[PDB]
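Protein chains in written order, with the authors' numbering: chain C, 3 to 254; chain B, 2 to 254; chain A, 2 to 68, 79 to 255.
Don't be surprised by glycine CBs; every beta carbon is placed ideally from N, CA and C.
These notes concern the structure reproduced below.
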């Protein structure tokens with residue numbers, strides 16, 4: 003890959019954005035490579051969790067503007083610009099965004115696509131898209147609002163102001179804030195814990211949670227209960243519960 | 002009379018206390034059935050306008066009885082519709098207050114989230130350890146938790162099994178208020194008293210309107226609320242409430 | 002001529018000030034009609050890119066006014092159909108209808124004296140201006156239930172950490188800060204801001220999958236506008252955008 007770095011430690015895949023000269027600005031190539039890698043990581047039975055991170059300076063500053071600069075409606079509708087990012091949301095195993103420094107525009111949206119979001123105390127989030135005469139194109143208006151409320155999302159998206167790690171955390175945007183130097187350590191310790199869970203259980207858990215955004219509460223409750231019933235058809239449930247009863251450790 | 006809980010009327014407030022100290026009020030089929038019976042009775046009782054549910058100062062409810070689940074098959078689960086009876090609590094029309102102290106994990110965390118109002122003690126620890134056991138939340142955890150505290154944190158909690166303290170739950174949307182542990186039970190009564198002294202029908206309608214926010218688009222929720230608001234004038238309690246306020250005194254609905 | 006409000010125009014910013022401190026800016030039928038009429042004109046005025054709604058330093062609006080067929084309160088829905096961005100600058104009391112009116116706005120800037128609540132229930136009534144919906148979606152069920160069922164108030168700091176408000180500022184600065192936020196917003200591309208606002212509103216009206224699709228189509232549409240072209244050119248060429 004030209005624009006990213008991928009490594010595997012045990013059951014944790016790690017995708018690192020790698021365009022240091024452009025503060026990891028997202029672009030068509032990053033979109034394709036990150037999705038390709040995660041997809042591949044998703045299909046690997048030896049991987050139980052996936053981390054997406056950038057540099058200590060930048061998770062990702064935003065999309066690459068030169069690419070977008072000369073697109074007509076026609077070009078956009080035709081390529082279905084940005085659509086391919088959807089592939090990341092379709093990944094079945096848990097994804098963890100480890101965010102340091104700038105996560106702006108596409109960058110912030112990328113991080114919101116992940117399931118779990120760990121932020122360095124230096125993290126900075128934003129949706130400055132409106133400054134360019136456009137608006138978020140990667141789910142920002144949708145996922146931000148749902149995380150932090152209309153008042154704050156409207157503020158960020160209409161002004162372009164940034165939000166610091168502490169505000170993000172108390173607002174609903176991130177799971178946890180840690181010291182910038184521990185980011186990758188915590189993120190990996192977190193991915194480790196998750197990849198160590200039953201693979202089927204974690205994939206069901208994650209799917210269940212995602213349901214909370216796609217229907218009414220009554221339907222989400224029903225979905226979850228049926229998925230819950232299903233878990234009892236898996237070997238992992240039987241072992242997981244026997245181990246607890248036998249005050250021992252679960253071996254999946 | 003019940004085996005695993007204690008029910009107690011205090012004027013207009015019903016108080017359901019999980020009584021299974023040896024197991025940390027761990028939920029099980031019999032608690033499911035007794036709590037939902039008790040709450041249903043209270044709900045139908047005209048003399049009761051608010052319902053509290055609580056455990057011990059050490060544990061609201063620390064998970065469920067795993068033995069009842071260990072040997073389940075999919076066919077057992079589907080046929081029994083395991084856990085469906087809990088939906089009975091959510092069907093209760095009278096307002097319900099979960100007074101949570103200490104451990105509220107797995108089904109306990111989910112039982113607290115089923116209530117309308119959540120008062121937590123200093124000591125409260127919330128969590129969804131289900132993943133650890135090779136299953137997932139089955140009493141609405143994935144649904145109610147995510148809607149209160151947002152995707153990032155729900156995913157964190159549900160995938161890792163990490164606990165969340167009182168202070169974090171308040172800052173993220175899980176609980177209404179945090180009070181000192183020695184005061185929780187006392188604070189919960191006061192809140193319940195306040196509610197039970199509102200118009201019963203107005204209170205039931207208020208709670209119904211808020212629940213709509215999770216079942217449809219905003220535009221539909223708004224239309225529903227508005228038609229419900231209209232119907233509130235078709236009551237006399239509105240007259241009393243107006244007169245009491247004008248006369249700068251307490252209403253007697 | 003407005004009898005219950007003051008309407009000002011500073012560059013591209015429209016400012017509606019509720020003006021009946023005799024009742025602490027309580028909202029009667031007349032306030033409803035005048036604010037909505039004002040917001041609607043400002044919306045249709047091309048020289049306005051942002052609209053602020055504020056009360057007095059003591060009360061944004063202390064409440065509604067006590068005293079099927081008529082579809083009562085339905086004219087408020089007309090504030091929600093305003094296309095231009097709207098900012099509520101809330102000082103002191105925003106209770107009942109006041110709190111609801113502030114929630115109808117896109118951006119909510121509160122003074123540290125701000126007090127929010129829905130005391131309806133104590134008069135044996137219910138929120139009728141969207142408070143059971145917008146509040147619950149802002150701050151979650153446990154707090155929406157608490158406020159709506161007990162009538163208790165919520166101070167600025169709780170509103171801020173809960174998701175009710177965008178930001179909190181000192182009471183002396185509230186008006187300046189809100190004007191500055193409005194100025195920034197009104198200096199954006201008008202079409203972009205209108206699209207941005209409409210995109211964010213979609214998040215309460217359908218599933219995530221449909222919201223994402225809607226946003227992406229709006230985004231694509233933005234490339235048919237001069238402003239995306241100018242906004243993007245001005246970035247690459249490291250200068251100030253001149254929006255038309």
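Which chain A residues are close to residue i, counting only those with a beta carbon under 8 Å from its beta carbon?
i: residue 216 of chain C; result: 218, 219 and 220
i: residue 74 of chain C; result: 234 and 235
i: residue 143 of chain C; result: 207, 210, 211, 213, 214, 222 and 226
Please report the straight-line C-alpha distance between residue i and residue j, rounded to a whole angstrom.
i: residue 11 of chain A; j: residue 185 of chain A; result: 17 Å
i: residue 95 of chain B; j: residue 154 of chain A; result: 17 Å
i: residue 74 of chain C; j: residue 65 of chain C; result: 17 Å
i: residue 69 of chain A; j: residue 13 of chain A; result: Here residue 69 of chain A is not present, the numbering of chain A passing from 68 to 79 in one jump.
i: residue 53 of chain C; j: residue 43 of chain C; result: 10 Å
i: residue 178 of chain B; j: residue 121 of chain B; result: 6 Å
i: residue 146 of chain C; j: residue 175 of chain C; result: 7 Å
i: residue 173 of chain A; j: residue 90 of chain A; result: 24 Å
i: residue 35 of chain A; j: residue 5 of chain A; result: 7 Å
Answer with yes or no whether the minimum CB distance from residue i to chain A is below 8 Å.
i: residue 139 of chain C; result: yes
i: residue 37 of chain C; result: no
i: residue 230 of chain B; result: yes
i: residue 67 of chain C; result: yes
i: residue 173 of chain C; result: yes
i: residue 223 of chain B; result: yes
i: residue 70 of chain B; result: no
i: residue 165 of chain C; result: no
i: residue 242 of chain B; result: yes
Considering only their Cβ atoms, is the gap separating residue j from residue i smaller than 8 Å?
i: residue 71 of chain C; j: residue 104 of chain C; result: no
i: residue 242 of chain C; j: residue 134 of chain B; result: yes
i: residue 126 of chain A; j: residue 160 of chain C; result: no
i: residue 87 of chain A; j: residue 33 of chain A; result: yes
i: residue 98 of chain A; j: residue 189 of chain A; result: yes
i: residue 137 of chain B; j: residue 199 of chain C; result: no
i: residue 167 of chain C; j: residue 123 of chain C; result: yes
i: residue 316 of chain B; j: residue 193 of chain B; result: The first residue shown for chain B is 2 and the last is 254, placing residue 316 of chain B beyond what the model contains.
Tell me the residue span of the alpha helix (DSSP H) that contains residue i.
i: residue 134 of chain A; result: Note, residue 134 of chain A: premise wrong, no alpha helix (DSSP H); not H, not E.
i: residue 166 of chain A; result: Here residue 166 of chain A belongs to no alpha helix (DSSP H); instead the beta strand (DSSP E) covers 164 to 166.
i: residue 112 of chain B; result: 108 to 115
i: residue 216 of chain B; result: Premise fails: residue 216 of chain B is in no alpha helix (DSSP H) and is neither H nor E.
i: residue 119 of chain B; result: Per DSSP, residue 119 of chain B belongs to no alpha helix (DSSP H); it is in the beta strand (DSSP E), 118 to 122.
i: residue 185 of chain A; result: 185 to 197
i: residue 239 of chain A; result: 237 to 247
i: residue 148 of chain B; result: 142 to 150
With 8 Å set as the bound, which would you pick, yes or no: does the beta-carbon of residue i sit closer than that to a beta-carbon of chain C?
i: residue 111 of chain A; result: no
i: residue 152 of chain B; result: yes
i: residue 30 of chain B; result: no
i: residue 192 of chain A; result: yes
i: residue 204 of chain A; result: yes
i: residue 61 of chain A; result: no
For a contact defined as C-beta to C-beta under 7 Å, what are the partners of residue i on chain B?
i: residue 239 of chain C; result: 135 and 136
Just reading off the beta strand (DSSP E) that residue i is part of, what are its end residues?
i: residue 49 of chain C; result: Looking at the DSSP string, residue 49 of chain C is not in any beta strand (DSSP E), and its letter there is neither H nor E.
i: residue 179 of chain A; result: 178 to 180
i: residue 99 of chain C; result: 97 to 101
i: residue 6 of chain B; result: 6 to 11
i: residue 60 of chain B; result: 60 to 63
i: residue 88 of chain B; result: Residue 88 of chain B -> not in any beta strand (DSSP E); alpha helix (DSSP H) instead, spanning 88 to 91.
i: residue 18 of chain C; result: 14 to 19
Cβ closer than 7 Å: which chain A residues qualify as neighbours of residue i?
i: residue 119 of chain B; result: 153
i: residue 147 of chain C; result: 211 and 214
i: residue 96 of chain B; result: 160
I want to verify the contact list: residues of chain B whose CB lies under 9 Å from the CB of residue i, in sequence order.
i: residue 181 of chain C; result: Near residue 181 of chain C there are no residues of chain B at all, since even the closest Cβ is about 18 Å away, more than 9 Å.
i: residue 93 of chain C; result: Per Cβ cutoff of 9 Å: no residues; residue 93 of chain C is ~13 Å from chain B at best.
Shorter than 8 Å from the beta carbon of residue i to some beta carbon of chain B?
i: residue 250 of chain A; result: no
i: residue 83 of chain A; result: yes
i: residue 45 of chain A; result: no
i: residue 253 of chain A; result: no
i: residue 177 of chain C; result: yes
i: residue 246 of chain C; result: yes
Name, please, each residue of chain A whose Cβ falls closer than 9 Å to the Cβ of residue i.
i: residue 196 of chain B; result: 132, 160 and 161
Identify the contact partners of residue i in chain B, using a Cβ-Cβ distance below 8 Å as the criterion.
i: residue 200 of chain C; result: 132 and 135
Can you pull the chain C residues whose beta carbon is under 8 Å from the beta carbon of residue i, in chain order?
i: residue 127 of chain A; result: Near residue 127 of chain A there are no residues of chain C at all, since even the closest Cβ is about 12 Å away, more than 8 Å.
i: residue 54 of chain A; result: In chain order: nothing, as chain C lies at least about 14 Å away.
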